[PDB]
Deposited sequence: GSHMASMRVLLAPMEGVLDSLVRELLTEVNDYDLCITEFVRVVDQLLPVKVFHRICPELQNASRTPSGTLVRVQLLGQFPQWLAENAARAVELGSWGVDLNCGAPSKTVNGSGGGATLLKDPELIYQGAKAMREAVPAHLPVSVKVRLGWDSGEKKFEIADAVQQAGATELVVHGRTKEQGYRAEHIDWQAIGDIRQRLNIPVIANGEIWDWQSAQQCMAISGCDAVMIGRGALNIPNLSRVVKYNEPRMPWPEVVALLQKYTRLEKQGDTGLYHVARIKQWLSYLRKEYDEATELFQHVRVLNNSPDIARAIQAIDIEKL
């Protein structure tokens, strides 16, 4: 059984990847997307998005990390893929599910075939080239054309987020059966994604999709130890350990911090935690109106985890 930490732009940066991988057993992390247009991006963009590149593409605890590209033009996906791996990335991921690029490639699977193929030919054969897709644009009727384009490009594996672009993040529309049909169609491995929140949902997803590998995104913020909950049926991280994890986060420094990073990300993480832990509602209200990093850092750090 494999459990991958999902790419999450504005959420799962290197700091959060560091904190989660310490207390999880994630088999792999994907970075926030590197946006490609018509230009070989400079080295500093890759190091900013993926500081793990300077530790052999690993988090401090040792979990591997993979750079994701979002783009359309094959030549420039290829050249930025070659740079990513040359800098250390363990393979490269192609974004085909972000609402010229992202989910718009799902309208013409030829673009996916052509982009992924150029990336495959640019990256050393044994480093994986993966693709992350949604089921389609507005319906899922072209889902197999999308899947076929990934395989015939020569990609190593396919992550399928089991919704279309229009369905967004609405829970009713999750389609693990569609992922199963893609798995049965393809020779390359298929990784299921969407609405895995705990052990039960991960079991139902693996049972329905037939996938041994899963990827979890928002649930990994809701339950900070979700990989261990999913792999080993362990209980959710107790609330006092969650607060300790947030205290640790306030002590980490973000490079490029324009002043309000922790004001943003403590409140954002608490917003996720608020959907799982009752105690996160009171703590969000305690820090709600704090409008600068020193204050929110002071507020979080002052909590005695021993008395919670």
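Comparing the deposited sequence with the modelled residues shows gaps at 1-6, 106-112, with numbering starting at 1.
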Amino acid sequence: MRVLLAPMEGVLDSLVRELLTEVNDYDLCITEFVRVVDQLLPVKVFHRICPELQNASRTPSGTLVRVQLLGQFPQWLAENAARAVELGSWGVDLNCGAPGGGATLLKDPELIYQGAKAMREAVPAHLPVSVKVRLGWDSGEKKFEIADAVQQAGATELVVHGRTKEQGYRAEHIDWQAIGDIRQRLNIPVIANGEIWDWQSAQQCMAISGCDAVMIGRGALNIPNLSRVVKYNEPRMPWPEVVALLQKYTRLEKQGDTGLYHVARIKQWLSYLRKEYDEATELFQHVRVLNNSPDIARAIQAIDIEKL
From here on, numbers count along this sequence of modelled residues.
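Higher mean CA temperature factor between 290-298 and 11-19: 290-298, per the PDB entry. Averaged over their C-alpha atoms, the temperature factors of 20-28 and 280-288 are higher for 280-288. Listed residues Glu86, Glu166, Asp93, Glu195 were ranked by CA B-factor as deposited; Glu166 comes out on top. Annotation for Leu158, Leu221, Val214, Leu105: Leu105 ranks highest, by Cα B-factor.
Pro128 sits in the lowest third of its chain by CA B factor, as recorded in the PDB entry. In the deposited entry, the Cα temperature factor of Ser227 sits in the bottom third of values across the chain's modelled residues.
Sort the chain's modelled residues by C-alpha temperature factor and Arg66 lands in the lowest third, per the entry. Ranked against the other modelled residues of its chain, the C-alpha B-factor of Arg120 as given in the entry falls in the lowest third. In this PDB entry, the Cα temperature factor of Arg251 sits in the top third of its chain's modelled residues, the highest group.
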